[PDB]
Amino acid sequence: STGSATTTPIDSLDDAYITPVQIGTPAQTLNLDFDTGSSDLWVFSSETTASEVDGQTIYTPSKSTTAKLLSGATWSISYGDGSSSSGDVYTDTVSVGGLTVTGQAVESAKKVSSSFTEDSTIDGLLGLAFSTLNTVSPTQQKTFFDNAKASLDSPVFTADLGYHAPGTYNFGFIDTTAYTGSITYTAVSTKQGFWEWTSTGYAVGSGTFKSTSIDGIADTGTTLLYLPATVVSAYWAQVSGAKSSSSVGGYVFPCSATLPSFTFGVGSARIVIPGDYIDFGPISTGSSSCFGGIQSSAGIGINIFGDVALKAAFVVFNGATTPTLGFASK
């Protein structure tokens, strides 16, 4: 089997991407944030504290003839941006782009933190990291990908995120028309539950490539590119007037700037992030100070190849017995 679904930026800055997901019988379609940095599929629901719902579409298990309470199961998750959610669990039929899993754990939120409430466009998350990170207790549950894997034509999914435009998540096949050149594959460590890999280095604009190992994760659920302070300083040093602002919470730059590109290494291959991808706009409405899309990972504890990096590539998440990651230009 295969599936193919379009993923759409939530706003003009590509702050995140939403993909329609069918849950239950008859189908309830929710727009979920596909997140290769976590492993819970959770939704706003009829059980979510009413004051914490503000415009989201909710899953109502009582209206689904295939929903079953997973008795005794609870979940609770805290993310790297300080947000969180928790609740109980149902199993139900879940379909993405024509690909169906029966008995998928659908984690129903009873509580969500303010940033989730405040974002009306995201109805929940669909985790695509390794199932070892799943938070359901006392019986850990599998991700949608893990459940689908054996049925897929090939045990893979691909992320093809757009810049200011829709893109595609495919399950079970590699669309050879969706990228240019060849796909370069690189090793993955699953030890921390993430799609963790090692970039072979970087360049800033038309500068020389620096060969250096940068361990990090491919995370579709993080917006920006978070790298070591040395690398980030080297980038922003090429932008007149750019500076790190503790009050704002990262590097800012004059909105009048033309940003240089940023290249990262995948083995002997190179992925080029155009400068425009690194512009996240005014820090507040009407400001001439703009927020940068490359930020320091210092204090996060891990480097994160978030959407800013991934959207410059066609990315293969290869879930074969020994997982790997593939990157191609597009």
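Sequence positions for chain A are given in Swiss-Prot numbering; the residues included correspond to 90-419, in order.
In case you wondered, yes, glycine gets a Cβ from its N, Cα and C as well.
What Swiss-Prot records for this protein:
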type	residues	note
DOMAIN	106-417	domain 'Peptidase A1'
ACT_SITE	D124	active site
ACT_SITE	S288	active site
DISULFID	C344-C379	disulfide bond
Around the Cβ of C344 (disulfide bond), the count of other Cβ atoms that are within 10 Å: 15
Whole-number Å value for how far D124 (active site) lies from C379 (disulfide bond) (Cα to Cα): 26
Set of same-chain residues at least 6 away whose C-beta sits under 8 angstroms from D124 (active site): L214, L215, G216, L217, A218, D308, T309, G310
Around the Cβ of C379 (disulfide bond), the count of other Cβ atoms that are within 10 Å: 22
Local Cβ density at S288 (active site) - other Cβ atoms counted within 10 Å: 22
Inter-residue C-alpha distance, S288 (active site) and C344 (disulfide bond) (nearest angstrom): 30
